[PDB]
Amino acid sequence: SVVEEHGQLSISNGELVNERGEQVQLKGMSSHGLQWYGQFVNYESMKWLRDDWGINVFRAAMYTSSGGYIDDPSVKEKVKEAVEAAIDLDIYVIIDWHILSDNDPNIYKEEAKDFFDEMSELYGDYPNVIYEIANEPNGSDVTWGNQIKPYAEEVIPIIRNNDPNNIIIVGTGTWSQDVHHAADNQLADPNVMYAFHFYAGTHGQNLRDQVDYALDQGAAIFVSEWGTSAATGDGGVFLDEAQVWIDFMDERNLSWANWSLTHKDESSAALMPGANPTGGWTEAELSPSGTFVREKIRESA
């Protein structure tokens, strides 16, 4: 039903629209790292998220480093599993080249180009797919002009050779916070969005204002990862401020994916330790974060 309704997504004047030029707002879940918590990423869990939560997008977080694709590329099969499930379930899917410790996207540029060539050849004809080419550039000397924009200008043509139209999400500096710098020096490709990531327990009004500056320059923004906890993971969840961010995103119709669908014992995790990997969760199997996020997606489903 989701993709049947919306079809091919595109960017129109800085925001995400469907095949009729209607606003569309994607809300869903990110996996945790696929090399760690892949058991939660399967057709049955994603069908449960679609049917019980109301998700219309699922994000497959394929770490590069940290034991991910660079060391054990078999994890790409878990990405394929997620994409094929999303196609079968008629929802959107984000293929995320999940850089983090490898903080400069140029570390694994050759590998990223090969990976995105393969993924876009396989899936580029499906409107379901969204590419996220570098999760979180970070560090004081990884900047838009020197490192990130040129990386994107090399990877995007690789995708476009196979998939001229699907959305590409491009990370920004300072853990995908520096959307203002990207907005002042935008990519030419018309169907790109810039990532903005936050933690409710850490980030506040000054970053909302930074996002608004970017939006004011005509840049499209996808909140492709956010957490209900603090970035430190201390002090529980911060749902008061999370609701402030939910409202902010709704008022700007910003799409989002929440971090993350795992049973790890950390406050951002959506599930309690032991939760069934194939879905069908009881209310006792959702964490406080998961309970809140589920309600946020349900109430617009």
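Heads up: residue numbers just count along the shown sequence, starting at 1. By rigid core we mean the largest C-alpha set that fits within 1.5 Å across both forms.
- Annotation: of the segments 42-50 and 267-275, 267-275 departs further from this form in 8 other deposited structures of this protein (C-alpha atoms, root mean square over structures and residues, core superposition).
- Per-stretch RMS Cα distance to the displayed form in 8 other deposited structures of this protein, following rigid core alignment, is highest for 229-237 when 29-37 and 229-237 are compared.
- Judged by mean Cα B factor in the deposited record, 233-241 ranks above the other of 233-241 and 255-263.
- Between 57-65 and 272-280, the higher mean Cα B-factor belongs to 272-280.
- Note on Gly145, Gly171, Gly227, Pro105: the highest value goes to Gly145, judged by CA B factor as recorded.
- Across the options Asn135, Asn138, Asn128, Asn161, the residue with the most elevated CA B-factor in the record is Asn161.
- When the CA B factors of the chain's modelled residues are split into thirds, the value for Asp209 lands in the highest one.
- Ranked against the other modelled residues of its chain, the C-alpha B-factor of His180 as given in the entry falls in the highest third.
- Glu84 sits in the middle third of its chain by CA B factor, as recorded in the PDB entry.
- In this PDB entry, the Cα temperature factor of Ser10 sits in the middle third of its chain's modelled residues.
- Remark: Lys149 belongs to the middle third of its chain, ranked by C-alpha B-factor as recorded.
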